[PDB]
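Heads up, the chain below is alone and in the form deposited without 6-oxidanyl-1,3-benzoxathiol-2-one (VUO); it's given as structure tokens.
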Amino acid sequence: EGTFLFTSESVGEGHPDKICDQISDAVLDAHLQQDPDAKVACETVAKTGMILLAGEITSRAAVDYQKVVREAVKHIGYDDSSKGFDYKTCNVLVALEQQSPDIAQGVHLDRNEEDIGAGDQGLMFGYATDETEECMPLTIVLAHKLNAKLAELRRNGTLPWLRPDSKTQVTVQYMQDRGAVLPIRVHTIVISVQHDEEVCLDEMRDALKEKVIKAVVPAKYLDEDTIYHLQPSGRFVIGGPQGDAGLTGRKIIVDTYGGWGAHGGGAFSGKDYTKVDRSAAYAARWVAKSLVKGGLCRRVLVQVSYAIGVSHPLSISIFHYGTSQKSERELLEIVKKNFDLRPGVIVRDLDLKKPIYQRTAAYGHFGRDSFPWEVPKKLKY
């Protein structure tokens, strides 16, 4: 009684959707390195032997798309036809046009930076939970770390049969605690990872338990009842884009909170700061994390929304799950006094012209590496 299960998933750097997010952000970073004010909306599609870039970019940068794309794929680890994909020999197709002048005139042309309009309408959420130091759900943190461990053991040659495409899934049993949640145990773990033709299934399952799970998940969460689904399909030689077409912005729940909190639907990768799908979601995370680290709540959800061409948010809402002594009205007043959620101010607070976006495009955008949206603001009230 008073317990429940929750499941989250994550994917590796070579999962085809994640390849697309990383390439889209490599293109964004390449532009920002030369033109901090580049307007970028770069979608990527990946299928057998193909990376296609489709979208809209208006920028003063001179970017070599062939080189940027191939370097991103090389970093991921797809460097030979035996692995199903090779940066040296794949097709890179480009269908990029300028930003629509109708959007440009309605959003940013002849506007003071602080007063630029939102680049689109939409809704966005921020979330934070005190269950981990990084203020993230344990389910998603563990799922990301399992993928990172696979990449580590692939890159260091420990498990040379590993290939870049992987997925993980973690189910945790939680105890309810006055609106907050306390992890009790890991109920189920799934790991699927692309592999070479020579390794056998038993060798893989043993290595995934001993060298991956045990190296990531604290033993205190694992018990005799924990269920393991390791290589459950039985064979995963074909992988990457060859096994499944990838697209940018198809892992938006992996990118955020693993299903916890809420999501407004917008993808992050391949977009400059004027696209509030990314900047306002980062600012909302920053607000939520600041409320938790500031001791005002233990668990909190923030919604914001925008209209294209309008700078100020249309709506702001805060839900504290019963974990604050302050009302929603009081928390909203604190947020109003401490944050300015116009995109032209978020860009300054979070330094969103800096070319750090490729680093966000795998293992989640939140709870890692002290990015600006992860450094809480000291609140005055």
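One rule holds for the numbers: they count along the sequence shown, beginning at 1. Take the two forms, find the largest set of C-alpha atoms that superpose within 1.5 Å, and that set is the rigid core.
J.: Please tell me which region, 325 to 333 or 61 to 69, has C-alphas lying farther from the displayed form on average in 7 other deposited structures of this protein, with superposition done on the core.
T.: It is 325 to 333 whose C-alphas lie farther from the shown form in 7 other deposited structures of this protein.
J.: Which of the two stretches, 255 to 263 or 151 to 159, shows the higher mean Cα temperature factor in the record?
T.: Comparing 255 to 263 with 151 to 159, the higher mean C-alpha B-factor belongs to 151 to 159.
J.: Return whichever of 231 to 239 and 217 to 225 has the greater mean Cα B factor according to the PDB record.
T.: Taking the mean B-factor of the alpha carbons in each, 217 to 225 is higher.
J.: Going by the CA temperature factor in the entry, name the top one among 278, 75, 195, 145.
T.: Of the options given, 75 has the highest CA B-factor in the PDB entry.
J.: Of the options 270, 126, 294, 122, which has the highest CA B factor as deposited?
T.: In this record, 294 carries the highest C-alpha B-factor of the candidates.
J.: By the recorded C-alpha temperature factor, relative to the other modelled residues in its chain, which third is residue 21 in?
T.: Tercile = lowest for this residue's CA B-factor.
J.: Comparing residue 114 with the other modelled residues of its chain, is its CA B-factor in the lowest, middle or highest third?
T.: Ranked within chain, residue 114 CA B lands in the highest tercile.
J.: By its CA B factor, does residue 27 count among the lowest, middle or highest third of the modelled residues in the chain?
T.: Tercile = lowest for this residue's CA B-factor.
J.: Which third, lowest, middle or highest, does the CA B-factor of residue 47 fall in along this chain?
T.: It falls in the middle third of the chain.
J.: Just say lowest, middle or highest third for the CA B-factor of residue 369 relative to the other modelled residues in its chain.
T.: Within its chain, residue 369 is a highest-third residue by C-alpha B-factor, going by the deposited values.
Absent from the display: the form solved in complex with 6-oxidanyl-1,3-benzoxathiol-2-one (VUO). The rest refers to it.
J.: Pop 6-oxidanyl-1,3-benzoxathiol-2-one (VUO) in from its pose in the entry with it bound with a site C-alpha superposition and tell me open or blocked, counting ligand atoms that come within 2.4 Å of any backbone or C-beta atom (3 or more means blocked).
T.: This form leaves the site open.
J.: Okay, which stretch from 86 to 94, 136 to 144, 203 to 211, 153 to 161 lines 6-oxidanyl-1,3-benzoxathiol-2-one (VUO) in the entry with it bound, with non-hydrogen atoms inside 4.5 Å?
T.: Heavy-atom contact with the partner occurs in 136 to 144.
J.: Taking the shortest heavy atom distance, is residue 247 within 4.5 Å of 6-oxidanyl-1,3-benzoxathiol-2-one (VUO) in the entry with it bound?
T.: No, no contact at 4.5 Å.
J.: Is residue 368 near 6-oxidanyl-1,3-benzoxathiol-2-one (VUO)? Define near as a heavy atom within 4.5 Å, in the entry with it bound.
T.: Yes.
J.: Give a yes or no for residue 373: in the entry with it bound, does one of its heavy atoms lie within 4.5 Å of a heavy atom belonging to 6-oxidanyl-1,3-benzoxathiol-2-one (VUO)?
T.: Result no; residue 373 lies far from 6-oxidanyl-1,3-benzoxathiol-2-one (VUO) in the entry with it bound.
J.: Closest heavy atom of residue 148 to 6-oxidanyl-1,3-benzoxathiol-2-one (VUO) in the entry with it bound, within 4.5 Å or not?
T.: Yes - in the entry with it bound, heavy atoms of residue 148 and 6-oxidanyl-1,3-benzoxathiol-2-one (VUO) come within 4.5 Å of each other.
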